[PDB]
file upload34.cif (mmCIF, C-alpha atoms)
data_upload
#
loop_
_atom_site.label_atom_id
_atom_site.label_comp_id
_atom_site.auth_asym_id
_atom_site.auth_seq_id
_atom_site.Cartn_x
_atom_site.Cartn_y
_atom_site.Cartn_z
CA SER E 1 37.97 1.91 -0.69
CA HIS E 2 40.72 3.42 -2.84
CA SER E 3 40.76 0.51 -5.31
CA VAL E 4 37.00 0.33 -5.92
CA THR E 5 37.13 3.75 -7.63
CA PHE E 6 39.77 2.38 -10.03
CA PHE E 7 37.83 -0.73 -11.09
CA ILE E 8 34.60 1.24 -11.53
CA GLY E 9 36.41 3.48 -14.02
CA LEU E 10 38.32 0.56 -15.52
CA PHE E 11 35.15 -1.29 -16.52
CA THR E 12 33.47 1.99 -17.51
CA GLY E 13 36.01 2.85 -20.21
CA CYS E 14 36.17 -0.79 -21.26
CA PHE E 15 32.38 -0.70 -21.73
CA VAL E 16 32.47 2.50 -23.81
CA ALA E 17 35.40 1.47 -26.03
CA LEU E 18 33.82 -1.93 -26.68
CA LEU E 19 30.62 -0.21 -27.85
CA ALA E 20 32.45 2.21 -30.15
CA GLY E 21 34.35 -0.79 -31.49
CA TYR E 22 31.05 -2.65 -31.90
CA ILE E 23 29.30 0.25 -33.66
CA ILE E 24 32.16 0.85 -36.12
CA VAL E 25 32.51 -2.83 -37.06
CA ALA E 26 28.73 -2.88 -37.55
CA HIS E 27 28.87 0.31 -39.65
CA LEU E 28 31.25 -1.08 -42.29
CA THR E 29 30.43 -4.80 -42.45
CA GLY E 30 27.00 -4.77 -44.09
CA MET E 31 24.99 -5.19 -40.87
CA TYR E 32 24.59 -1.48 -40.06
CA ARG E 33 20.90 -0.84 -40.85
CA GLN E 34 19.99 -4.16 -42.55
CA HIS E 35 22.01 -3.44 -45.70
CA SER E 36 23.41 -6.98 -46.02
CA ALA E 37 21.78 -10.23 -47.12
CA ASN E 38 22.31 -11.60 -43.59
CA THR E 39 19.12 -10.07 -42.19
CA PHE E 40 19.49 -11.89 -38.84
CA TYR E 41 21.32 -8.98 -37.16
CA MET E 42 18.46 -6.69 -36.11
CA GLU E 43 16.31 -9.62 -34.95
CA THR E 44 18.57 -12.29 -33.38
CA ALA E 45 21.52 -10.30 -31.97
CA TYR E 46 19.85 -6.91 -31.37
CA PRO E 47 17.28 -8.27 -28.82
CA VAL E 48 20.20 -9.68 -26.79
CA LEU E 49 21.80 -6.24 -26.48
CA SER E 50 18.43 -4.53 -26.02
CA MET E 51 17.45 -6.78 -23.10
CA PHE E 52 20.77 -6.28 -21.29
CA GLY E 53 21.07 -2.58 -22.08
CA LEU E 54 17.76 -1.95 -20.32
CA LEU E 55 18.38 -4.32 -17.39
CA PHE E 56 21.70 -2.68 -16.45
CA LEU E 57 20.37 0.81 -17.06
CA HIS E 58 17.75 0.19 -14.37
CA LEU E 59 20.33 -1.29 -11.99
CA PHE E 60 22.56 1.75 -12.56
CA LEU E 61 19.67 4.06 -11.69
CA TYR E 62 19.09 2.16 -8.45
CA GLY E 63 22.71 2.88 -7.55
CA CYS E 64 22.09 6.55 -8.26
CA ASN E 65 19.07 6.39 -5.93
CA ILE E 66 21.11 5.06 -2.99
CA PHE E 67 23.43 8.03 -3.50
CA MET E 68 20.42 10.36 -3.54
CA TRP E 69 18.69 8.81 -0.52
CA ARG E 70 21.83 9.03 1.64
CA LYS E 71 22.63 12.67 0.82
CA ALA E 72 19.03 13.76 1.48
CA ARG E 73 19.06 11.82 4.82
CA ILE E 74 16.32 9.39 3.76
CA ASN E 75 16.34 6.32 6.01
CA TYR E 76 15.75 3.99 3.07
CA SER E 77 17.17 1.02 5.01
CA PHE E 78 14.46 1.36 7.67
CA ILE E 79 11.77 2.08 5.06
CA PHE E 80 12.66 -0.96 2.92
CA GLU E 81 13.22 -3.00 6.14
CA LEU E 82 16.75 -3.87 5.03
CA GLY E 83 18.30 -3.24 8.44
CA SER E 84 21.99 -4.10 8.72
CA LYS E 85 24.50 -6.90 7.87
CA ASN E 86 26.50 -5.78 4.76
CA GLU E 87 24.38 -3.12 3.04
CA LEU E 88 24.72 -2.87 -0.73
CA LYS E 89 26.48 0.47 -1.17
CA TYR E 90 26.19 2.57 -4.31
CA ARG E 91 29.83 1.92 -5.22
CA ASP E 92 29.03 -1.80 -5.12
CA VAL E 93 26.10 -1.25 -7.50
CA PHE E 94 28.17 0.76 -10.00
CA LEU E 95 30.77 -2.03 -9.97
CA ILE E 96 28.11 -4.56 -11.00
CA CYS E 97 26.67 -2.58 -13.93
CA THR E 98 30.04 -1.76 -15.50
CA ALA E 99 31.75 -5.14 -15.06
CA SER E 100 28.72 -7.05 -16.38
CA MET E 101 28.01 -4.85 -19.39
CA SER E 102 31.67 -4.96 -20.45
CA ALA E 103 31.38 -8.76 -20.48
CA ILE E 104 28.17 -8.54 -22.53
CA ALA E 105 29.77 -6.08 -24.95
CA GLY E 106 32.85 -8.32 -25.10
CA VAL E 107 30.94 -11.44 -26.17
CA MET E 108 28.70 -9.43 -28.52
CA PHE E 109 31.79 -7.94 -30.18
CA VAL E 110 33.17 -11.48 -30.50
CA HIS E 111 29.87 -12.57 -32.09
CA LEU E 112 29.83 -9.71 -34.60
CA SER E 113 33.45 -10.53 -35.47
CA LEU E 114 33.37 -14.35 -35.43
CA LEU E 115 30.79 -14.94 -38.16
CA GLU E 116 32.18 -13.19 -41.26
CA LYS E 117 35.23 -15.46 -41.16
CA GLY E 118 32.97 -18.52 -40.89
CA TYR E 119 33.43 -20.64 -37.75
CA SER E 120 30.55 -23.10 -37.33
CA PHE E 121 27.37 -21.33 -38.48
CA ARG E 122 25.16 -23.80 -36.60
CA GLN E 123 27.25 -23.45 -33.42
CA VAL E 124 27.98 -19.70 -33.48
CA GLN E 125 24.22 -18.98 -33.24
CA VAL E 126 24.25 -20.29 -29.67
CA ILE E 127 26.57 -17.59 -28.19
CA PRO E 128 23.73 -15.00 -27.96
CA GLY E 129 21.66 -17.49 -25.96
CA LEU E 130 24.76 -18.56 -24.04
CA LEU E 131 25.23 -15.02 -22.70
CA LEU E 132 21.69 -14.89 -21.29
CA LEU E 133 22.02 -18.35 -19.72
CA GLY E 134 25.33 -17.29 -18.18
CA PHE E 135 23.73 -14.37 -16.34
CA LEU E 136 20.71 -16.50 -15.44
CA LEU E 137 23.08 -18.94 -13.71
CA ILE E 138 24.96 -16.08 -12.01
CA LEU E 139 21.71 -14.85 -10.43
CA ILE E 140 21.16 -18.32 -8.93
CA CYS E 141 24.86 -18.94 -8.20
CA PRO E 142 24.60 -20.13 -4.57
CA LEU E 143 28.17 -20.31 -3.29
CA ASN E 144 29.27 -16.93 -1.90
CA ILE E 145 30.43 -15.20 -5.02
CA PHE E 146 28.43 -12.34 -6.54
CA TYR E 147 26.86 -10.57 -3.54
CA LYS E 148 25.21 -13.39 -1.64
CA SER E 149 22.16 -12.28 0.42
CA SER E 150 21.64 -9.55 -2.20
CA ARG E 151 20.95 -11.81 -5.17
CA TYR E 152 18.79 -14.09 -3.00
CA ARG E 153 17.03 -11.05 -1.57
CA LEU E 154 16.02 -10.30 -5.16
CA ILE E 155 14.56 -13.73 -6.01
CA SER E 156 12.77 -13.71 -2.64
CA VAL E 157 10.97 -10.58 -3.88
CA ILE E 158 10.16 -11.84 -7.40
CA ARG E 159 8.66 -14.96 -5.80
CA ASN E 160 6.18 -12.66 -4.05
CA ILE E 161 5.62 -10.65 -7.25
CA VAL E 162 4.72 -13.40 -9.74
CA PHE E 163 2.52 -15.17 -7.17
CA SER E 164 0.86 -11.82 -6.61
CA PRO E 165 -2.36 -12.21 -4.50
CA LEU E 166 -0.97 -15.18 -2.54
CA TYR E 167 1.58 -13.17 -0.53
CA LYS E 168 1.28 -10.13 1.70
CA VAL E 169 2.57 -6.80 0.40
CA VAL E 170 5.36 -4.84 2.08
CA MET E 171 7.39 -1.96 0.65
CA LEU E 172 9.97 -4.19 -1.05
CA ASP E 173 7.73 -6.32 -3.27
CA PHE E 174 5.69 -3.19 -3.95
CA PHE E 175 8.80 -1.22 -4.91
CA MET E 176 10.23 -3.92 -7.19
CA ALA E 177 6.80 -4.59 -8.72
CA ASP E 178 6.78 -1.03 -10.07
CA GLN E 179 10.29 -1.42 -11.48
CA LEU E 180 8.92 -4.20 -13.69
CA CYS E 181 6.22 -1.86 -15.05
CA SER E 182 8.89 0.21 -16.84
CA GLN E 183 10.52 -2.94 -18.28
CA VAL E 184 7.56 -3.91 -20.51
CA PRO E 185 9.59 -3.41 -23.75
CA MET E 186 12.34 -5.48 -22.10
CA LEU E 187 10.01 -8.47 -21.57
CA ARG E 188 9.22 -8.42 -25.29
CA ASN E 189 12.99 -8.72 -25.81
CA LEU E 190 12.82 -11.90 -23.72
CA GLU E 191 9.92 -13.74 -25.41
CA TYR E 192 12.05 -13.96 -28.54
CA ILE E 193 15.10 -15.30 -26.67
CA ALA E 194 12.62 -17.78 -25.22
CA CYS E 195 11.30 -18.71 -28.68
CA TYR E 196 14.43 -18.76 -30.88
CA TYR E 197 16.30 -21.15 -28.56
CA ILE E 198 13.59 -23.46 -27.18
CA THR E 199 11.56 -24.22 -30.33
CA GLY E 200 14.41 -25.36 -32.57
CA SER E 201 14.82 -22.06 -34.43
CA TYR E 202 18.62 -22.26 -34.02
CA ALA E 203 19.20 -25.72 -35.53
CA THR E 204 18.39 -25.11 -39.20
CA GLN E 205 18.43 -21.33 -38.43
CA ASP E 206 14.68 -20.93 -38.83
CA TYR E 207 14.28 -17.16 -38.66
CA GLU E 208 10.63 -16.10 -38.32
CA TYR E 209 9.15 -19.17 -36.70
CA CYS E 210 7.44 -17.30 -33.86
CA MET E 211 6.11 -14.18 -35.60
CA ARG E 212 4.80 -16.08 -38.64
CA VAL E 213 1.98 -17.70 -36.69
CA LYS E 214 -0.15 -15.05 -34.99
CA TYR E 215 -0.82 -17.37 -32.04
CA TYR E 216 2.62 -16.18 -30.85
CA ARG E 217 1.99 -12.54 -31.79
CA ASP E 218 -0.83 -11.54 -29.44
CA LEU E 219 0.50 -14.12 -26.97
CA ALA E 220 3.76 -12.18 -27.22
CA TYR E 221 1.67 -9.11 -26.34
CA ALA E 222 -0.83 -10.33 -23.73
CA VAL E 223 2.02 -11.97 -21.77
CA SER E 224 3.98 -8.72 -22.24
CA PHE E 225 1.55 -6.96 -19.86
CA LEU E 226 2.23 -9.20 -16.88
CA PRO E 227 3.85 -6.48 -14.65
CA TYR E 228 0.60 -4.51 -14.86
CA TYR E 229 -1.29 -7.66 -13.87
CA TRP E 230 1.10 -8.51 -11.01
CA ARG E 231 0.87 -4.98 -9.61
CA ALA E 232 -2.92 -4.78 -9.95
CA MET E 233 -3.30 -8.02 -7.99
CA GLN E 234 -1.19 -6.56 -5.17
CA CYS E 235 -3.68 -3.71 -4.79
CA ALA E 236 -6.39 -6.41 -4.67
CA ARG E 237 -4.47 -7.92 -1.74
CA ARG E 238 -4.05 -4.76 0.36
CA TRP E 239 -7.79 -4.18 -0.07
CA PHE E 240 -8.25 -7.63 1.48
CA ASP E 241 -5.72 -7.12 4.29
CA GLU E 242 -6.47 -3.46 5.04
CA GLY E 243 -9.77 -1.71 4.43
CA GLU E 244 -8.85 1.54 2.69
CA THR E 245 -10.82 2.41 -0.43
CA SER E 246 -7.74 3.98 -2.05
CA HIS E 247 -6.39 0.54 -2.98
CA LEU E 248 -9.37 0.03 -5.30
CA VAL E 249 -8.60 3.39 -6.90
CA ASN E 250 -5.00 2.16 -7.08
CA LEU E 251 -6.29 -1.08 -8.61
CA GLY E 252 -8.00 0.84 -11.40
CA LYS E 253 -4.73 2.52 -12.38
CA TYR E 254 -3.09 -0.66 -13.69
CA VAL E 255 -6.29 -2.01 -15.26
CA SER E 256 -6.74 1.30 -17.12
CA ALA E 257 -3.40 0.71 -18.83
CA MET E 258 -4.46 -2.80 -19.81
CA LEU E 259 -7.71 -1.74 -21.46
CA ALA E 260 -5.74 0.84 -23.47
CA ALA E 261 -3.49 -2.00 -24.62
CA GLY E 262 -6.55 -4.20 -25.15
CA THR E 263 -8.39 -1.79 -27.45
CA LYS E 264 -5.43 -1.57 -29.84
CA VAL E 265 -5.39 -5.34 -30.41
CA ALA E 266 -9.07 -5.03 -31.30
CA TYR E 267 -8.15 -2.04 -33.47
CA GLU E 268 -5.47 -3.99 -35.37
CA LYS E 269 -8.10 -6.53 -36.52
CA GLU E 270 -10.93 -4.09 -37.40
CA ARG E 271 -8.88 -1.09 -38.63
CA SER E 272 -11.28 1.85 -39.01
CA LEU E 273 -12.30 5.09 -37.31
CA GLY E 274 -14.61 3.41 -34.78
CA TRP E 275 -11.71 1.68 -33.02
CA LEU E 276 -9.47 4.71 -33.65
CA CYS E 277 -11.61 6.78 -31.27
CA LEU E 278 -11.38 4.14 -28.54
CA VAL E 279 -7.60 3.78 -28.98
CA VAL E 280 -6.99 7.52 -28.44
CA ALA E 281 -9.49 7.95 -25.59
CA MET E 282 -8.59 4.93 -23.45
CA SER E 283 -4.91 5.74 -24.03
CA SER E 284 -5.62 9.28 -22.81
CA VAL E 285 -7.73 8.12 -19.86
CA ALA E 286 -4.88 5.82 -18.80
CA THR E 287 -2.31 8.60 -19.20
CA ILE E 288 -4.09 11.08 -16.94
CA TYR E 289 -4.96 8.31 -14.45
CA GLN E 290 -1.27 7.44 -13.96
CA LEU E 291 -0.08 11.05 -13.97
CA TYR E 292 -2.61 11.72 -11.20
CA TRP E 293 -1.27 8.87 -9.07
CA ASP E 294 2.37 9.85 -9.63
CA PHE E 295 2.00 13.45 -8.47
CA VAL E 296 -0.69 13.27 -5.78
CA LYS E 297 -0.57 9.79 -4.25
CA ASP E 298 3.00 8.57 -4.88
CA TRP E 299 5.09 11.73 -4.61
CA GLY E 300 2.70 13.46 -2.20
CA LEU E 301 2.78 16.75 -4.10
CA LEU E 302 -0.05 18.97 -5.48
CA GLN E 303 -1.41 19.69 -2.00
CA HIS E 304 -4.13 22.30 -2.47
CA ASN E 305 -3.80 24.12 0.89
CA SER E 306 -0.08 24.26 1.67
CA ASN E 307 2.66 26.73 2.52
CA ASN E 308 4.65 25.76 -0.56
CA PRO E 309 2.43 26.30 -3.64
CA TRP E 310 1.64 23.12 -5.65
CA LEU E 311 3.90 21.02 -3.36
CA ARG E 312 3.45 19.58 0.12
CA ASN E 313 4.03 21.39 3.42
CA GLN E 314 7.33 19.78 4.47
CA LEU E 315 10.07 19.56 1.84
CA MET E 316 13.37 17.73 2.13
CA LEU E 317 15.38 19.27 -0.72
CA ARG E 318 16.45 22.84 -0.03
CA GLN E 319 16.41 23.93 -3.69
CA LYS E 320 12.64 23.90 -4.23
CA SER E 321 12.83 24.19 -8.02
CA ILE E 322 13.93 20.57 -8.47
CA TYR E 323 10.36 19.54 -7.59
CA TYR E 324 8.99 21.76 -10.37
CA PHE E 325 11.48 20.34 -12.87
CA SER E 326 10.59 16.78 -11.85
CA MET E 327 6.84 17.46 -12.10
CA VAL E 328 7.36 18.53 -15.73
CA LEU E 329 9.96 15.91 -16.70
CA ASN E 330 7.61 13.18 -15.44
CA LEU E 331 4.79 14.77 -17.47
CA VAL E 332 6.78 14.66 -20.72
CA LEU E 333 8.24 11.21 -20.04
CA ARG E 334 4.75 9.72 -19.73
CA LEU E 335 4.59 9.89 -23.52
CA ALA E 336 7.47 7.54 -24.27
CA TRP E 337 5.57 5.24 -21.90
CA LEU E 338 2.52 5.30 -24.21
CA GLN E 339 4.67 4.20 -27.17
CA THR E 340 5.89 1.11 -25.30
CA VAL E 341 2.53 0.08 -23.80
CA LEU E 342 0.87 0.41 -27.20
CA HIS E 343 3.17 -0.47 -30.08
CA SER E 344 6.06 -2.94 -29.96
CA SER E 345 9.21 -2.94 -32.10
CA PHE E 346 8.65 -6.31 -33.81
CA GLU E 347 5.42 -5.39 -35.60
CA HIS E 348 6.61 -2.37 -37.63
CA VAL E 349 10.04 -2.09 -39.20
CA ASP E 350 12.77 0.64 -39.25
CA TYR E 351 11.73 2.17 -35.91
CA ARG E 352 14.13 -0.04 -33.96
CA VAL E 353 16.94 2.31 -32.89
CA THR E 354 14.31 4.85 -31.82
CA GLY E 355 12.18 2.13 -30.22
CA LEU E 356 15.04 1.56 -27.79
CA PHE E 357 15.47 5.28 -27.10
CA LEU E 358 11.80 5.48 -26.12
CA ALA E 359 12.28 2.26 -24.14
CA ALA E 360 15.25 3.79 -22.28
CA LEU E 361 13.29 6.92 -21.33
CA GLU E 362 10.73 5.00 -19.28
CA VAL E 363 13.63 3.50 -17.31
CA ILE E 364 14.83 7.03 -16.44
CA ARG E 365 11.25 7.97 -15.49
CA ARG E 366 11.36 5.15 -12.92
CA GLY E 367 14.71 6.62 -11.89
CA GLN E 368 13.30 9.90 -10.61
CA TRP E 369 10.13 8.18 -9.37
CA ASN E 370 12.07 6.19 -6.76
CA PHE E 371 13.45 9.30 -5.06
CA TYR E 372 10.20 11.17 -4.41
CA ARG E 373 8.40 7.94 -3.47
CA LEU E 374 10.64 7.25 -0.47
CA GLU E 375 10.79 10.96 0.34
CA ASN E 376 7.02 10.68 0.83
CA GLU E 377 7.70 7.75 3.19
CA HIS E 378 10.01 9.78 5.45
CA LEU E 379 8.24 13.17 5.63
CA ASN E 380 4.84 11.45 5.52
CA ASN E 381 3.74 7.79 5.56
CA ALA E 382 2.26 7.24 2.20
CA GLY E 383 1.51 3.57 1.91
CA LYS E 384 0.87 2.99 5.49
CA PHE E 385 3.21 0.05 4.89
CA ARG E 386 4.52 0.69 8.46
CA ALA E 387 2.30 2.37 10.92
CA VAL E 388 4.53 4.61 13.07
CA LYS E 389 5.16 7.93 11.32
CA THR E 390 8.44 8.66 13.12
CA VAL E 391 11.56 7.35 11.38
CA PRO E 392 14.92 7.11 13.21
CA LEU E 393 18.09 8.71 11.93
CA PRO E 394 20.18 6.71 9.42
CA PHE E 395 23.38 5.04 10.60
#
call {"tool": "encode", "arguments": {"input": "upload34.cif", "output": "structure tokens"}}
result
Amino acid sequence: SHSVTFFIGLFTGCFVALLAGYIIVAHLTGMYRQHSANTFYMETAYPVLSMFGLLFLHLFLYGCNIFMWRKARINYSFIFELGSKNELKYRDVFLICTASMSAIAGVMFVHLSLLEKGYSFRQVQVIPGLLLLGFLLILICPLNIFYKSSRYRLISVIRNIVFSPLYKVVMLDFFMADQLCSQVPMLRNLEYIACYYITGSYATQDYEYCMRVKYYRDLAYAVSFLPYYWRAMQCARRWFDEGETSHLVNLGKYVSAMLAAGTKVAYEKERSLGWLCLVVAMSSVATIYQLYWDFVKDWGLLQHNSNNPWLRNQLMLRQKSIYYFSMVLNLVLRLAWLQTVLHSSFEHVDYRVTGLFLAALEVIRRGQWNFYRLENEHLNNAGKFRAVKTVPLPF
């Protein structure tokens, strides 16, 4: 109502002022760009702010999509089979992303402040891991507190995602399985906060315990490409349930961007020109094989014989130049995707503040992908996830 607009802007300005306070106190206290002797800043506290700054950028873009789907008269509640009974509105989503990230920036500004003065060096290196465990417990908080039946709708989907070929596929565990494919640099910022606090690297402050042995270096990379494995096994399930041959062509899309990741690991052990050809060809095969599926099969555009040139026959936006801007913005932004599915940020140094800017551009590319995907479920039925083409009017 009238008070929700206040608290959205209250936690927005609290988030921004806490970051400008955090950046300035980082700029002048040695820990700006690894100037100080305490080198643990850009490896033990920076993955905690990189994992939460990409998880609440994706949740913010889902709140922007609800605003877009309701103005363009997309019946996204009927398409997602959400129905009724306290719909998550876009003002409710913006309230989550700003109140949570102000709490993360509050504790992370405490942590950057409360170590120069001293204060229990063995115990203060638990407050980054305490912030992640606090939000892990909030997501499984069962009472009635933080949007019950919307947090347990989420874990009911991720249960169907991780156990991928065991469960049937609908358009909610297909939709959320593609949101995980843009969070591949985020899941590498979670296999270090599951190795610094479970293997005793925070007791004597052992710094490079995980990256020193290379049995946790390719295993931090082969387990990084799990969302491309979970989504490829879902296409292997719709080919079992249904009998369309397009699911096998869809299956090859996610395996093509696993072979491109696989050739580079073979290139990093036999560095020469012979593996340099296969790392620029398989990474260019996989790029054109996902740009083909985004424009033709997902968005439903590039129809050869149509009234609108290079688009489909029936359009939903009246300004028909937004489609041409989105077909070029998605083409450019599938190049920051090839620098997250190939090279991580923990293997080479000094490309860490630009390795998060390329990681935050694949989250925005899944922001404009959600709008034209459901638009191709209303003016078409592309996924045949529901069999009647007629969609009723939204409430």
call {"tool": "residues_around", "arguments": {"input": "upload34.cif", "residues": "residue 284 (chain E)", "least_positions_apart": "6", "cutoff": "10 Å", "atoms": "all atoms listed in the file", "output": "ChimeraX atom specification"}}
result
/E:256-257,260,278,338
call {"tool": "resolve_selection", "arguments": {"input": "upload34.cif", "expression": "the PyMOL selection byres ((chain E and resi 98-111) around 7)", "output": "list in words"}}
result
residues 8, 11, 12, 14, 15, 18, 19, 22, 94, 95, 96, 97, 112, 113, 114 and 115 of chain E
call {"tool": "resolve_selection", "arguments": {"input": "upload34.cif", "expression": "the PyMOL selection byres ((chain E and resi 324) around 12)", "output": "compact mmCIF listing (two decimals) with C-alpha atoms, in the frame of the given file"}}
result
# COMPACT_ATOMS: atom_id res chain seq x y z
CA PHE E 295 2.00 13.45 -8.47
CA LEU E 301 2.78 16.75 -4.10
CA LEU E 302 -0.05 18.97 -5.48
CA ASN E 308 4.65 25.76 -0.56
CA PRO E 309 2.43 26.30 -3.64
CA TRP E 310 1.64 23.12 -5.65
CA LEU E 311 3.90 21.02 -3.36
CA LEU E 317 15.38 19.27 -0.72
CA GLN E 319 16.41 23.93 -3.69
CA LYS E 320 12.64 23.90 -4.23
CA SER E 321 12.83 24.19 -8.02
CA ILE E 322 13.93 20.57 -8.47
CA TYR E 323 10.36 19.54 -7.59
CA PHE E 325 11.48 20.34 -12.87
CA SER E 326 10.59 16.78 -11.85
CA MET E 327 6.84 17.46 -12.10
CA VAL E 328 7.36 18.53 -15.73
CA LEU E 329 9.96 15.91 -16.70
CA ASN E 330 7.61 13.18 -15.44
CA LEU E 331 4.79 14.77 -17.47
call {"tool": "axis_aligned_box", "arguments": {"input": "upload34.cif", "around": "region 277-296 of chain E", "padding_each_side": "3 Å", "output": "lines of an AutoDock Vina configuration file"}}
result
center_x = -4.6
center_y = 8.6
center_z = -18.5
size_x = 20.0
size_y = 15.7
size_z = 31.5
call {"tool": "residues_around", "arguments": {"input": "upload34.cif", "residues": "residue 388 (chain E)", "least_positions_apart": "4", "cutoff": "12 Å", "atoms": "all atoms listed in the file", "output": "ChimeraX atom specification"}}
result
/E:78-79,377-384,392
call {"tool": "closest_residue", "arguments": {"input": "upload34.cif", "among": "E:315, E:186, E:235, E:296", "to": "residue 251 (chain E)", "atoms": "all atoms listed in the file"}}
result
E:235
call {"tool": "atom_distance", "arguments": {"input": "upload34.cif", "atom1": "CA of residue 27 (chain E)", "atom2": "CA of residue 202 (chain E)"}}
result
25.4 Å
call {"tool": "resolve_selection", "arguments": {"input": "upload34.cif", "expression": "the PyMOL selection byres ((chain E and resi 64) around 12)", "output": "list in words"}}
result
residues 57, 58, 59, 60, 61, 62, 63, 65, 66, 67, 68, 69, 70, 71, 89, 90, 91, 92, 93, 94, 97, 364, 366, 367, 368, 370 and 371 of chain E
call {"tool": "closest_residue", "arguments": {"input": "upload34.cif", "among": "E:232, E:265, E:139, E:166", "to": "residue 344 (chain E)", "atoms": "only C-alpha atoms"}}
result
E:265
call {"tool": "decode", "arguments": {"input": "upload34.cif", "residues": "region 146-159 of chain E", "atoms": "N, CA, C and O atoms", "output": "PDB file, in the first residue's frame"}}
result
ATOM      1  N   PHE E 146       8.926 -15.212   6.518  1.00  0.00           N
ATOM      2  CA  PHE E 146       9.412 -14.540   5.316  1.00  0.00           C
ATOM      3  C   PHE E 146       8.829 -15.201   4.068  1.00  0.00           C
ATOM      4  O   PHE E 146       9.492 -15.968   3.369  1.00  0.00           O
ATOM      5  N   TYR E 147       7.561 -14.867   3.806  1.00  0.00           N
ATOM      6  CA  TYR E 147       6.799 -15.297   2.628  1.00  0.00           C
ATOM      7  C   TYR E 147       6.720 -16.826   2.539  1.00  0.00           C
ATOM      8  O   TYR E 147       7.289 -17.461   1.650  1.00  0.00           O
ATOM      9  N   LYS E 148       6.021 -17.395   3.520  1.00  0.00           N
ATOM     10  CA  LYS E 148       5.666 -18.806   3.491  1.00  0.00           C
ATOM     11  C   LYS E 148       4.788 -19.095   2.273  1.00  0.00           C
ATOM     12  O   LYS E 148       4.026 -18.237   1.808  1.00  0.00           O
ATOM     13  N   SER E 149       4.948 -20.309   1.729  1.00  0.00           N
ATOM     14  CA  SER E 149       4.415 -20.805   0.456  1.00  0.00           C
ATOM     15  C   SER E 149       4.973 -20.060  -0.753  1.00  0.00           C
ATOM     16  O   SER E 149       4.459 -20.217  -1.864  1.00  0.00           O
ATOM     17  N   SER E 150       6.016 -19.255  -0.564  1.00  0.00           N
ATOM     18  CA  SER E 150       6.826 -18.730  -1.652  1.00  0.00           C
ATOM     19  C   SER E 150       8.300 -19.046  -1.488  1.00  0.00           C
ATOM     20  O   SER E 150       9.026 -19.050  -2.489  1.00  0.00           O
ATOM     21  N   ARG E 151       8.767 -19.302  -0.269  1.00  0.00           N
ATOM     22  CA  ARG E 151      10.064 -19.919  -0.049  1.00  0.00           C
ATOM     23  C   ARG E 151      10.013 -21.431  -0.180  1.00  0.00           C
ATOM     24  O   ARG E 151      10.990 -22.029  -0.637  1.00  0.00           O
ATOM     25  N   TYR E 152       8.902 -22.061   0.204  1.00  0.00           N
ATOM     26  CA  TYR E 152       8.757 -23.499   0.040  1.00  0.00           C
ATOM     27  C   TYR E 152       8.268 -23.889  -1.344  1.00  0.00           C
ATOM     28  O   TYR E 152       8.335 -25.070  -1.700  1.00  0.00           O
ATOM     29  N   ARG E 153       7.770 -22.931  -2.126  1.00  0.00           N
ATOM     30  CA  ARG E 153       7.592 -23.174  -3.553  1.00  0.00           C
ATOM     31  C   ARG E 153       8.943 -23.256  -4.248  1.00  0.00           C
ATOM     32  O   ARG E 153       9.112 -24.013  -5.211  1.00  0.00           O
ATOM     33  N   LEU E 154       9.928 -22.506  -3.747  1.00  0.00           N
ATOM     34  CA  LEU E 154      11.248 -22.476  -4.366  1.00  0.00           C
ATOM     35  C   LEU E 154      12.007 -23.780  -4.140  1.00  0.00           C
ATOM     36  O   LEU E 154      12.572 -24.338  -5.084  1.00  0.00           O
ATOM     37  N   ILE E 155      12.020 -24.289  -2.905  1.00  0.00           N
ATOM     38  CA  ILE E 155      12.749 -25.524  -2.621  1.00  0.00           C
ATOM     39  C   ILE E 155      12.019 -26.737  -3.197  1.00  0.00           C
ATOM     40  O   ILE E 155      12.638 -27.775  -3.458  1.00  0.00           O
ATOM     41  N   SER E 156      10.710 -26.627  -3.433  1.00  0.00           N
ATOM     42  CA  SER E 156       9.994 -27.669  -4.161  1.00  0.00           C
ATOM     43  C   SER E 156      10.388 -27.719  -5.631  1.00  0.00           C
ATOM     44  O   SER E 156      10.197 -28.754  -6.276  1.00  0.00           O
ATOM     45  N   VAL E 157      10.926 -26.624  -6.171  1.00  0.00           N
ATOM     46  CA  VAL E 157      11.401 -26.608  -7.550  1.00  0.00           C
ATOM     47  C   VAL E 157      12.836 -27.119  -7.635  1.00  0.00           C
ATOM     48  O   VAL E 157      13.165 -27.929  -8.509  1.00  0.00           O
ATOM     49  N   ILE E 158      13.700 -26.690  -6.707  1.00  0.00           N
ATOM     50  CA  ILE E 158      15.105 -27.097  -6.724  1.00  0.00           C
ATOM     51  C   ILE E 158      15.253 -28.574  -6.348  1.00  0.00           C
ATOM     52  O   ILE E 158      16.254 -29.216  -6.692  1.00  0.00           O
ATOM     53  N   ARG E 159      14.251 -29.154  -5.682  1.00  0.00           N
ATOM     54  CA  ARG E 159      14.237 -30.602  -5.500  1.00  0.00           C
ATOM     55  C   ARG E 159      14.048 -31.320  -6.832  1.00  0.00           C
ATOM     56  O   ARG E 159      14.658 -32.369  -7.071  1.00  0.00           O
TER      57      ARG E 159
END
